């Protein structure tokens, strides 16, 4: 393969056998990495600063040329890429909300890439289009919505699913904006928690509302929206002659893992006529658990829901859906031409085509890996896996609730797998907060140098840099949590 090039593989005539050997060579590298991902002897990452890779590692050239490299150099390039990347499936990877490597998911991804099609029409993605309609119906059933209505679409990340929801609310109340622009209607105000995902502020900016019109709702000790602050903010907007029309309730915040009081928010929405969107990008996996779905009570009253199977459900990146209670809103919002005008020429039912309801034109197949994982595990498989991660987080919290070297960020029992805490060097004082702020980056830097484990840290409001442990990986066990809690104390 050191004398063989890409030009030689299929489509080149007679390239069938070399293509299979090449792909089986690639798969051998992938398998060894898969085998090592579940092996605790392997580092989570072999850390290197950007300059150390740009200057090039011992035989790893990132630069591009006019000349093709050989098939053996391609295999070497593949091995090196994996050698210097992060093991996101590692049982000790706790850096992100998305962690682990589902084997069914990976098999699903591999098939999807082989099928290499576009979601935008039933014409070229028949099976995937049907699978999406099926899955989005089930997701809506689990949310608690009646089948009398309901819609949705998979989007390239929860940030875009959130964007869709704002576009949907605005079109429902102010369809004049699509044709005439945001200046053709009154000042529109939208509400979100002070601890919600920054995607609400970005969609506000992108969509023409201005971030000044994205109002932050005060949070209590446990990082949950105070309903009386939300109601007060609505009336302040109305008193100013502005139009409040949307609220993002976060079901499982990125940092504390808090759940907003959906029911108390929905009661206020009913009363003042606001779209209720629920960002369950992180909390959504708990809907699969009969034990934990109560944290999302009220979600059945929501107008839309963002849900990321790629977070707690362990679907490989990206897998995000926006569910909309009222069908026809995404279509009316996004259609650049009405109807049913695509017919009666076409060989198939064009109402299956999603180009018109999407902000995207071309769209990646994200459904197959998720549909496949649902077939392989069942709703019961997701249920038990989510419950295990939540039990592990209950364990970590109880092990460090009063430990000397550890201090809890907020007063409350975790609602999700998020456990927020500081590592105390010895010790409230403003000078102490300045000292404490430097503890987590220091340990994190050392964690990256060691490659033993990965955990995120971040400040919040006036609170100093604090560790935020999160659990979404089926491979993470009690011993790994013990190792991580001992690794923080050791460093």
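Residue numbers count along the first chain shown, from 1.
Going from residue 427 to residue 428, you skip over 4 to 9 residues of the deposited sequence that the entry leaves unmodelled. Taking the PDB entry as given, 482-490 carries the higher mean Cα B factor of the two stretches 3-11 and 482-490. A summary of the deposited B-factors shows that, of 35-43 and 51-59, the stretch with the larger mean C-alpha value is 51-59. Per the deposited coordinates, the residue with the largest Cα temperature factor out of 396, 237, 247, 322 is 396. When the C-alpha B factors of 308, 360, 213, 344 are read from the deposited coordinates, the top value falls at 344. In the PDB entry, a CA B factor belonging to the lowest third of its chain's modelled residues is recorded for residue 329.
In this PDB entry, the Cα temperature factor of residue 194 sits in the middle third of its chain's modelled residues. Sort the chain's modelled residues by C-alpha temperature factor and residue 273 lands in the lowest third, per the entry. The entry lists a Cα temperature factor for residue 417 that places it in the middle third of the chain's modelled residues. The deposited CA B-factor of residue 80 belongs to the highest third of values across its chain.
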